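As a plain string of letters, each chain reads:
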Amino acid sequence: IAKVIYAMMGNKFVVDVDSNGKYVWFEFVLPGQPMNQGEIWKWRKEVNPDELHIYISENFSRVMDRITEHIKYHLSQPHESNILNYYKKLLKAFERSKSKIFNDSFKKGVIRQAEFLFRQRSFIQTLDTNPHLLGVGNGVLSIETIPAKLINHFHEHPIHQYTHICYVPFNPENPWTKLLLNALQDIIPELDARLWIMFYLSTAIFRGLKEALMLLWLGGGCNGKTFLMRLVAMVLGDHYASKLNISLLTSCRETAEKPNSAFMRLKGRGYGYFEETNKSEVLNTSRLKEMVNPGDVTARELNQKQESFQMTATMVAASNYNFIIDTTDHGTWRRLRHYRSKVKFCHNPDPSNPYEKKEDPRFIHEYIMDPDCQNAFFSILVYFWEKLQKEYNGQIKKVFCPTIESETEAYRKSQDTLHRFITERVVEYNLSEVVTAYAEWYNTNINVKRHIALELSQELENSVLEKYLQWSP
Amino acid sequence: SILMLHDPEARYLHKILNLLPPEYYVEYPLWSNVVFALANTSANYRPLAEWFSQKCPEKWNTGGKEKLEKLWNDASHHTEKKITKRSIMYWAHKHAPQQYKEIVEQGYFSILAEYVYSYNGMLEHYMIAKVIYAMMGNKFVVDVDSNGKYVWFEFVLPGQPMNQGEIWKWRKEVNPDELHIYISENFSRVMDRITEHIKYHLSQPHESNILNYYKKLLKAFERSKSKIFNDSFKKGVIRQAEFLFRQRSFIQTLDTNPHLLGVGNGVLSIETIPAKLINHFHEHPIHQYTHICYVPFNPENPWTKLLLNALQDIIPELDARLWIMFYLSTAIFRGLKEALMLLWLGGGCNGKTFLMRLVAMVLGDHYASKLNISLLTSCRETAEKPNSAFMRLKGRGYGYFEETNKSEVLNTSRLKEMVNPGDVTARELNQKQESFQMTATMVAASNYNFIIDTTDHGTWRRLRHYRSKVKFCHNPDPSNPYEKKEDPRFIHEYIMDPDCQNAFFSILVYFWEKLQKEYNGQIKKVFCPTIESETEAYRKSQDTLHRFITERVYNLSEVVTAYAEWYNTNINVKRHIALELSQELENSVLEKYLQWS
Amino acid sequence: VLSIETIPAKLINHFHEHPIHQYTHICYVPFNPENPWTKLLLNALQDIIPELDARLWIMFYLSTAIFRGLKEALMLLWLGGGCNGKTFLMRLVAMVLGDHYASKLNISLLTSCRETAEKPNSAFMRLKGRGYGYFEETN
DNA sequence: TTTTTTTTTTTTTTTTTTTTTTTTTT
DNA sequence: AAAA
Ligand SMILES: Nc1ncnc2c1ncn2[C@@H]1O[C@H](COP(=O)(O)OP(=O)(O)NP(=O)(O)O)[C@@H](O)[C@H]1O
Ligand SMILES: Nc1ncnc2c1ncn2[C@@H]1O[C@H](COP(=O)(O)OP(=O)(O)NP(=O)(O)O)[C@@H](O)[C@H]1O
Ligand SMILES: Nc1ncnc2c1ncn2[C@@H]1O[C@H](COP(=O)(O)OP(=O)(O)NP(=O)(O)O)[C@@H](O)[C@H]1O
Ligand SMILES: [Mg+2]
Ligand SMILES: [Mg+2]
Ligand SMILES: [Mg+2]
């Protein structure tokens, strides 16, 4: 009967072995059956195939009764004597065996036996591999072509991980879409900066390898940073987006034999964001290099073995203060595009000051939990992704947003210690006394730690201390 | 009208349905509800819902002629509101008390009859499960927890052995003991009915060689009857019935909407003014609760008068008491709130502990709890360790800090995340890391002033400072209106008394309703000049830069260095740093004489 | 089971219905001054603390230990030279109350300042349900 | 300093079931 | 008395 039930429901169930070595059950969800919200047309994990138990205890009885009536018809026909005794014994044995189908231990044994028949090798590792398929609230969405195609019928793609947001085509006539666009315009005054920020945010849906980049942008109170960041992170969903701990970025090495359990928060996550900060946390200029590089990183989670996965996420950090970078190598400064907010909200806006507006607390307290606004925002995101795809090729380091590069260059000029001393207390012989003066000045001001690189006789001297400067001993 | 013939269970639904009074077909608001229920139960048999709509209930002349289009668009009903057939059964039980049981005993006897007839006397671990689910399908529910093991929830009814204040609420059971008793107590009479039916059919002489059949059948059923009381058989039946009772999407919907409170005599709803107590069935899923009964706020109660006078004796101001009560009243709400936090200090024995402890105990353990001050006074711990005493904030509504020390600096990094309408992530002991929606009203108690080293608008947007005025002494002196005599009965008793807790809960819900009707809902709308005047005075202090400028004062490089002597010799010593003063003083009053060169 | 609901305190040496599980191994008898042990203890108590008013409060303070409900915000500390009997009296109280109701607490809880939020500690967990505690500091 | 212990690591499974089962029909 |  395990063989028969596999022949009956072979196209709806599949079994594979997980990492720990325990068989698990997956079933295809179809319309017209009880289910969790927004998990239609997708594979669903099943600890015990209770649907299979119900099927074997309900529908199999029809086939069993059909066999009973077939035996009855064969017995009723005129026949010999020995044949009739054989058929009577057959019917007796068959009914005694039929009585067993409703037993519990027998059903468990049948499930155990059918675990082998339903098994399909290379299924767990093939789940959610291609980053062009997204599980949405009403099916699965494909961004393989332009425009994106929504699949709401039967398919065979192994999709298990989804979000609870339905998808509709981008329509600017929707009241929610117009309200959201107006609020977005009010948040970011400059056109080029707004376009660049939307282009950067729109890549969060794509879960493949991306260009090594990161956005830092700060401001005062009531700037809308948390509103937009939380809106993105929540419209993507828990599975695809998550919040990250600032200590995971600002701290030092974690000991090699200690499991992290927080680094895995981005394992397969397409988007992550940092919320808070103190006065001045020195940026680690490491433990971020791998999380930004389109490469592979390794770590160990709770009570598991050492494992490695590929870095695929979009990162953005919000702050009320500037970070401390204390490095000048081209590797770190290739990334870290920097922005500064200009709009400011206070309950009593000052006239004749365009950089000042009134709050609408209904943006935070409500308008976020409402599904329709989230659907409109998802439409905005997918439209922006397809726009970035149709032009500019696919690379994001091609859009002309001179404000962002100018601000990044200005931030680079600050926080850089190479010219600060040469401008304030240039002395004018291997600059040993000069480097000691550098260190004593920066201490308790720019760099509280004594300089240990002897790098002032290197690309540092090639920066501003050249020409007249001499280094012969 | 032929789809009802596809299955008798829909015919039993119709038998329940015709018991419904015809008055339902009129006054539409409580007519569309049954349509909602029948639609959300399953869309396959929706034509039965249309059949009921056109069934000619009451009269066709009430505007329902040739069916109404309010039904056609109701076929979508793509919302989240949930009403099930349990409400229909409860309504059918409301009318005709002597008809529901006698009409469901058909079905009860039926299903068992077909099962015992098709498979002779043999009974296994699914037929019993199906019949049991047919009997009590409303009192129990099963869903999978996070760890992947099935759990059992039982609805609680009046007149039942139960814990205090668990009425009309779901309870968590490791094993359905009530069901283990029901399967062996009330099923027995059903089996006895089956046996007496068999005996009655045996008594009537039908024909030869078939009364023999009603001897093998009787012997088999007699053998199978005793299997109910067997322990292993009951365990198998429970295991198999776990699937029938399963209800998908139930764990994540438990205690979600912040407008429902579980109280000692039901569930409290604050969706509509005035708040309505629920004491009849209902369908909303509530598991957590408080052991405090709820009564409407009546000032004539002696305890209410005493408590109001005690409140009057603690906060001399009138605007200040209103603001404090309004802020505290948000503790009942468990949704997104304004990013605000109140911290207030004063002399010893001022009753702040009394008020905070009273609020915490009135709300209960599930909704409110105390929090350690180390979350404020210490730096953030590294990401590898699993943090407890922080996820204690998960799902709560109110938390208070009472411990205090000498002059200490607030870590204004937890403050920006632990007072915020956003999302926070953490991880508890022996568990993975997850993020939980954050809702909590917080207040801080101390007798020594905190230290705030920042000046940005991000932190000062929140925070509100107050100073206690009255003072209790063992031997109060004459005059001194800010001095009064203690009543140790306020702490050592008057707070374990349930009636006082009920009165305080009534006061709190009344203040919530008052804040709801006027001032809209926002707390940054009530005008209490004293609180922000005191907050601004506090912000005038703790701002070392402006005080230094006023008290004592070429090149901008001479700044910071000149401030260092004041920073060390005065206003603490500490260690001197820069790269923040060069920006703050730049964006400050020191500009006219500032030497940019 | 000893009940102090109403004066005089009653001893329930027969069947009852209260849910009592924890206990001490000390039998209870009415206070009789004529018992030789009682006389010896009273004489030693009078020897240890001479002043009558000071002695009275001390005994009352000790009496409060039996109770396990909310008490007053009072803490007693008394100093002196060596060989004064403070350890004798405090240990006697701790032993007569028993382990379930009395315990000795480390002074490190008062000498140190505080452990951070994520430090699982003994953290006066001995105070969970215990009605008495003593330190005996020596530095 | 402080350093690492704690957290983890196991440790929580077995007791039914099964078996048999005498009887009961053959 | 042997098989279920
Ligand atoms: N476009 C907008 N128009 C009006 N009000 C807005 C707009 N965007 C946001 N708000 C409101 O402004 C307030 C500030 O929200 P929030 O994002 O928390 O401030 P923030 O500065 O980004 N976070 P923080 O920097 O930590 O203070 C909220 O009440 C929002 O509802
Ligand atoms: N309205 C009141 N009238 C009279 N006595 C009161 C009143 N409110 C409180 N008390 C008493 O005053 C004392 C102060 O108790 P408490 O709540 O601990 O104040 P407190 O300031 O929080 N304690 P502390 O942390 O040391 O300042 C208690 O004995 C209360 O019973
Ligand atoms: N009432 C008493 N009459 C006579 N001798 C007594 C009495 N009480 C105690 N002693 C004796 O005096 C000794 C000193 O008591 P003890 O408790 O050791 O002092 P202590 O201060 O608590 N311990 P230490 O701090 O090391 O001196 C006891 O060991 C007894 O032998
Ligand atoms: Mg924000
Ligand atoms: Mg107090
Ligand atoms: Mg001693």
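Our structure's up above, just so we're on the same page.
The sections below set out a description of the structure shown in this document. We count residues from 1 along each chain, following the written sequence rather than the entry's numbering, and we skip any residue without coordinates. Just so you know, chain letters begin at A and ligand numbers begin at 1, following the order they were written in. A larger assembly contains the chains shown, yet all values here describe just the shown part. Neither water nor hydrogens contribute to the side-chain values; these are computed over all heavy atoms in the structure. Residues with missing side-chain atoms are left out of burial classes, side-chain pairs and their counts.

## Regarding the packing of aromatic side chains
- Stacked, tilted and edge-to-face are the three classes assigned to paired rings of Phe, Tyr and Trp, where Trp is represented by its six-membered ring and a pair needs centres within 6.5 Å; plane angles under 30 degrees give stacked, over 60 edge-to-face, the rest tilted. Tallying each qualifying case throughout the model produces 61 aromatic pairs over all chains.
- Relative to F281 of chain B, the ring of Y90 of chain B has its centre 5.1 Å away and its plane inclined at 25 degrees; by these criteria the two rings are stacked. Of the two residues, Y90 of chain B is situated in helix α5 (residues 85-94) and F281 of chain B in the loop between β6 (276-278) and α11 (302-314); the sequence distance between them amounts to 191 residues.
- For each residue, the accessible area found with a 1.4 Å probe, counting protein chains only, is set against the maximum for its type, and the residue is called buried under 20%, exposed over 50%, and partly exposed in between. On the accessibility criterion, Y90 of chain B (23% relative accessible area) is partly exposed.
- With centroids separated by 5.8 Å and ring planes inclined at 45 degrees, the aromatic side chains of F490 of chain B and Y494 of chain B adopt a geometry described as tilted.
- Here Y494 of chain B falls in the buried class, since its relative accessible area comes to 19%.
- What links up through ring pairs into an aromatic cluster is the set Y90, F153, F155, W168, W170, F250 and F281 of chain B.
- The ring of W78 of chain C carries the charged tip of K86 of chain C above its face, separated from the ring centre by 5.6 Å. Here a helix means four or more residues in a row that DSSP labels H or I, a strand means two or more in a row labelled E, and each is numbered from the N terminus. Working rule: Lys NZ or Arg CZ, within 6 Å of ring centre, within 35 degrees of ring normal, means a charge sits over the ring.

## Focus: the interface of chain A and chain B
- The contact criterion used throughout is that any non-hydrogen atoms of two residues lie within 4.5 Å. On the chain B side, the residues contacting the 52 residues of chain A number 54 residues.
- Computed with a 1.4 Å rolling probe, the buried area is the accessible surface lost when two parts are put together, summed over both parts. Between chain A and chain B the total buried area reaches about 4900 Å² when both faces are included, carbon and sulfur atoms providing 51% of it.
- The rule for a salt bridge is simple: a side-chain nitrogen of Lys or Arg has to be within 4 Å of a carboxyl oxygen of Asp or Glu. Linking chain A to chain B there are 9 salt bridges.
- Note that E27 of chain A and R248 of chain B form a salt bridge whose closest N and O atoms lie 3.8 Å from each other.
- Within 3.5 Å is the distance limit for a polar contact, defined as a pair of N or O atoms, with the added protein rule that one can donate a hydrogen and the other accept it, and that residues adjacent in sequence qualify only through two side-chain atoms. Applying the counting rule to chain A against chain B returns 19 residue pairs in polar contact.
- If you list the elements that add at least two residues to the side of chain A that touches chain B, you get β3 (43-46), α2 (50-58), α5 (104-117), α8 (225-236) and α9 (247-250) of chain A.
- Each residue receives one of three labels: charged for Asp, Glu, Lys and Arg, nonpolar for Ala, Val, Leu, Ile, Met, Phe, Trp, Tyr, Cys and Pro, and polar for the others, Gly being one of them. When grouped by side-chain class, the residues that make up the side of chain A that touches chain B number 16 nonpolar, 19 polar and 17 charged.

## Regarding empty space enclosed by the protein
Residue and element names in this part refer to chain B.
- Its volume calculated, the largest cavity comes out at about 200 Å³.
- When contributions to the lining of the largest cavity are tallied by element, the ones reaching two or more residues are α15 (414-418) and β10 (423-427).
- Looking at the lining of the largest cavity, the element that brings in the most residues is β10, giving 4 residues.
- Split into classes, the residues belonging to the lining of the largest cavity amount to 5 nonpolar, 5 polar and 7 charged.
- Lining residues are those with an atom within 4 Å of a point, where the points come from a 1 Å grid over the protein atoms alone and group into cavities, where a 1.4 Å probe fits but cannot get out, or pockets, open sets with protein on both sides within 12 Å along at least five of seven lines. Grid points are joined across faces, edges and corners, and a volume is the space filled by probe spheres set on the points. Put simply, the second largest cavity is a space of about 120 Å³.
- Lining of the second largest cavity is provided by 13 residues; of these, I324, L328, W344, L355 and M356 occupy positions nearest its centre.
- When residues in the lining of the second largest cavity are grouped by element, the largest group, 3 residues, is from helix α13 (residues 352-363).
- Here the residues of the lining of the second largest cavity sort into 11 nonpolar, 1 polar and 1 charged.

## Considerations on the interface of chain B and chain C
- Contacts between the two partners involve 11 residues from chain B and, on the opposite side, 7 residues from chain C.
- Both faces combined, the contact of chain B with chain C buries some 860 Å², and carbon together with sulfur accounts for 54% of it.
- Between the two partners, chain B and chain C, sit 0 salt bridges.
- Run the count over chain B and chain C and you get 5 residue pairs in polar contact.
- Residue assignment for the side of chain B that touches chain C shows that the elements contributing at least two residues are α14 (374-377) and α17 (489-492) of chain B.
- Class assignment for the residues of the side of chain B that touches chain C results in 5 nonpolar, 6 polar and no charged.

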